[PDB]
Amino acid sequence: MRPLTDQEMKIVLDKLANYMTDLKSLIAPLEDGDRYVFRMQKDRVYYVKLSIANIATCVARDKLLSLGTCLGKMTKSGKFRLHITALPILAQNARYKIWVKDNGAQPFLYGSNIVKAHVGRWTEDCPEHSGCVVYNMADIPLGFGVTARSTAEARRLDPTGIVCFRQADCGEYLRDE
Amino acid sequence: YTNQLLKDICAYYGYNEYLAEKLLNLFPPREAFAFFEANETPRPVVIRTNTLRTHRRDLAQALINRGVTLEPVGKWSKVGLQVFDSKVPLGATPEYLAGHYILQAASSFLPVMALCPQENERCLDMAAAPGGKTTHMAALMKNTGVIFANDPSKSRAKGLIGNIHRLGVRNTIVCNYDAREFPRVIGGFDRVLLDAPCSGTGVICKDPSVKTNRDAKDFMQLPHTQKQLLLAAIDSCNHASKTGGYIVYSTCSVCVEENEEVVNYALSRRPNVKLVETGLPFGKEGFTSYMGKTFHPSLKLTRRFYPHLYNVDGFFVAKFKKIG
RNA sequence: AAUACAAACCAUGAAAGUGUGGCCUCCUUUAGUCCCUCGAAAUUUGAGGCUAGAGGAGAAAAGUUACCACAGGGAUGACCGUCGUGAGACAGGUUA
RNA sequence: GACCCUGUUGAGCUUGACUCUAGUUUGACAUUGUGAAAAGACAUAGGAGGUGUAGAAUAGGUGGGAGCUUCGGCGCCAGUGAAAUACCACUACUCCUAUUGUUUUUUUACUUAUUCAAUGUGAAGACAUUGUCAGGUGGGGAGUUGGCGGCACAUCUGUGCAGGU
């Protein structure tokens, strides 16, 4: 049992804030004083409350498997990964939102990339390589990814081109069964 | 004769001789013949919607438009529907992929309505292998509180983490402990839920191996195994709290060696445990004494579920309250 | 080659003959003591203890894969690029 | 081309020592009172218990015993049931009433515990709060890393059998 170290919390908050706008709102002193303190286990990070950590630090490390909700894991090279497990945290306070239609969400949930015919409506001032969160017509959080280009270049490109690159979806839920 | 009926049942249906002797002693032959017809008949598949995500008439409208035949399951379940036919596969539909509902049986419905989880409560589930049991308390409590879930195996541990994060509970800690090791290490839980593993005689349509692969060593070890589970269950529960917590014991067995005998041992050993009415509409009365063994006569409130009167799986539920 | 046996040789004794080259070898996986303890069980088992067959520089990062992508070596439309690496694109390419 | 090898990247699986301990931490204890309102459990005296099945029957259970008989009712026999009934001896608990009382718990109110303001008397107030152990974690911090000869002698411990020089 250990917390996030200096560089390890730096890269974690680097990749999080690439998709997050208010990191202050996620981890803040609440009414009861409990805080959303980060936590990692078996090279896999988690997002828990402090009072959750106290009632979980009583346990041997090998017996514990997960804790709270998961955010991602670290590779051998040290880069950070954010998973579809972090989607309810991610979609709660999302910066950039892209909405795809039902005939385009089905290839998105299968594992295919986002096409211009898939999206229904759009956000504004989206840069070329900025992160974004993918929604449907009914504001159901589907996934996340990095767009291929900016907003203005998406208007002037062919409708068959790839718009936003698909990183994760609910197929990991279907894979683990 | 009794021996002639036992030989005719074992030859025609394929049950073990010792298991058929137990079932013939448990029930009258007219009830046993309906039992042998019911458990060989496949059980219906029911759908439990996510109250944190949508409501019942919204999902019912969506699945009707997608082509799924639906029917609500009585008046005792406002959260459940029953599936008759579906042109679109249930696993590939957008609602299940988003996490609007989950698939379960009627046995997975009951012990969570037996519990009454409230907001900002501490709950335990020492055996939640399908993962639908832990989700429903989060659906009832509206994602407020702390939940602990225990699992013995890694294969079903990776199975449920795909289920809970699809459903979006966000506050349940799942792990790989021993349920006997749970109260000594952490303890101090307001509510505890136990789905004790057993022979599985209640559900043989899902598990056909129970018909033959149950020897005399099995009906001695598993009742002793769940005996230590309920001893761990009563040690985890708190006697006093701001919101009244309870112990809920559930199993998928129909024999009396797994039902109303273990809960009699826990009641006799610990006087601090009291059993109350579980608030359940349909069920069967507990037996005061079955095989030369005098149980406590307060077990009339303990409920049972049988496959022939209702379209449910074989099940058994008990509720307890701690005093000291 | 070792080993068994036989013969030769050798030591001693004057001869008669005799003579020689032992017994052993912390946890994890497994079985027993069903011995002792804790339990269950209308009398038989479960978990520990005990016994005996076998294994074993430390937080900086490592080992390994009939595995994936890329580049290179061997054996029998296609490139130099620029812009990103979690995936890719190009009115950029030697002529009119 | 398949195929084999090398370097980088992912998917991984396993390891990343031993002993304490911070960070911690689970449960219980005392500080922690005084009244009112209640509830539960233990002291009692009593009314009544008892079906999963079948058995005419709602079978506590135990020991005898086959008519004490007020009657041939039921005992007996006989099904049916793990347990069979007449009879007279015992005690296990349960659903309750009341008190002939002991405790425990929750809420409210007040300050007498606790803690703050002033600082050389006041307030919040029995909520917090502090101390004590019985457990758990701890990679962060501290310390560490093929053989047996032969009692064949003398002196000491043991204090013939032994051990040490």
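Structure values in brief
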item	result
Count of residues meeting criterion [surrounded by 15 or more Cβ atoms within 10 Å (Cβ to Cβ), more than 7 Å from chain A (Cβ to nearest Cβ) and either of a type in the set (D, E, K, R) or within 23 Å of B:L231 (Cα to Cα) (or both)] in region B:160-200	17
Qualifying residue in region B:295-314 (condition: loosely packed, with under 13 Cβ neighbours inside 10 Å and either closer than 18 Å to B:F35 by Cα or more than 11 Å from RNA strand D (Cβ to nearest atom) (or both))	yes
Residue check, A:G33 on the phi > 0 side of the Ramachandran plot and surrounded by 14 or more Cβ atoms within 10 Å (Cβ to Cβ)	no
Looking only at region B:274-305, and only at residues there that are aliphatic (A, V, I, L, M) and not in a loop (DSSP other than H, G, I, E, B), the one that is nearest to RNA strand C (Cβ to nearest atom)	B:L299
Residues that are more than 9 Å from RNA strand C (Cβ to nearest atom) and either of a type in the set (S, T, N, Q) or in contact with a helix residue (DSSP H, G or I) (Cβ under 7 Å, 6 or more places away or on another chain) (or both), drawn from region B:222-242	B:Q226, B:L230, B:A232, B:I234, B:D235, B:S236, B:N238, B:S241
Subset of region A:8-19 (residues that are in contact (Cβ under 8 Å) with a residue 24 or more places away in the chain and surrounded by fewer than 16 Cβ atoms within 10 Å (Cβ to Cβ))	A:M9, A:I11, A:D14, A:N18
Failed condition for A:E177, given (1) within 14 Å of chain B (Cβ to nearest Cβ); (2) within 18 Å of the chain's Cα centre (by Cα)	(2)
Residue ID - nearest to A:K97 (Cα to Cα), chosen from residues in region A:20-52 that are free of Cβ contacts under 8 Å to residues at least 40 places away in the same chain, in a loop (DSSP other than H, G, I, E, B) and among the β-branched types (V, I, T)	A:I27
Of residues in region B:139-159 being under 20 Å from A:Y173 (Cα atoms) and in contact with a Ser or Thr (Cβ under 7 Å, 6 or more places away or on another chain), the one nearest to the other protein chains (Cβ to nearest Cβ)	B:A149
Cβ-Cβ under 7 Å pairs, at least 6 apart or on other chains, region B:161-186 side more than 29 Å from A:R175 (Cα to Cα), far side in a helix (DSSP H, G or I) and not hydrophobic (A, V, I, L, M, F, W, C)	B:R180/B:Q228; B:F182/B:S236; B:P183/B:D235; B:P183/B:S236
A:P127 vs. criteria away from RNA strand D (no atom under 16 Å from the Cβ), out of contact with any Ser or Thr (no Cβ under 6 Å at 6 or more places or on another chain) and touching a residue at least 12 places away in the same chain (Cβ under 8 Å)	no
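Each value in this text was obtained by applying a stated rule to the coordinates, not by laboratory testing. Cβ atoms come from the backbone with ideal geometry, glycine included; neighbour counts cover every protein chain shown.
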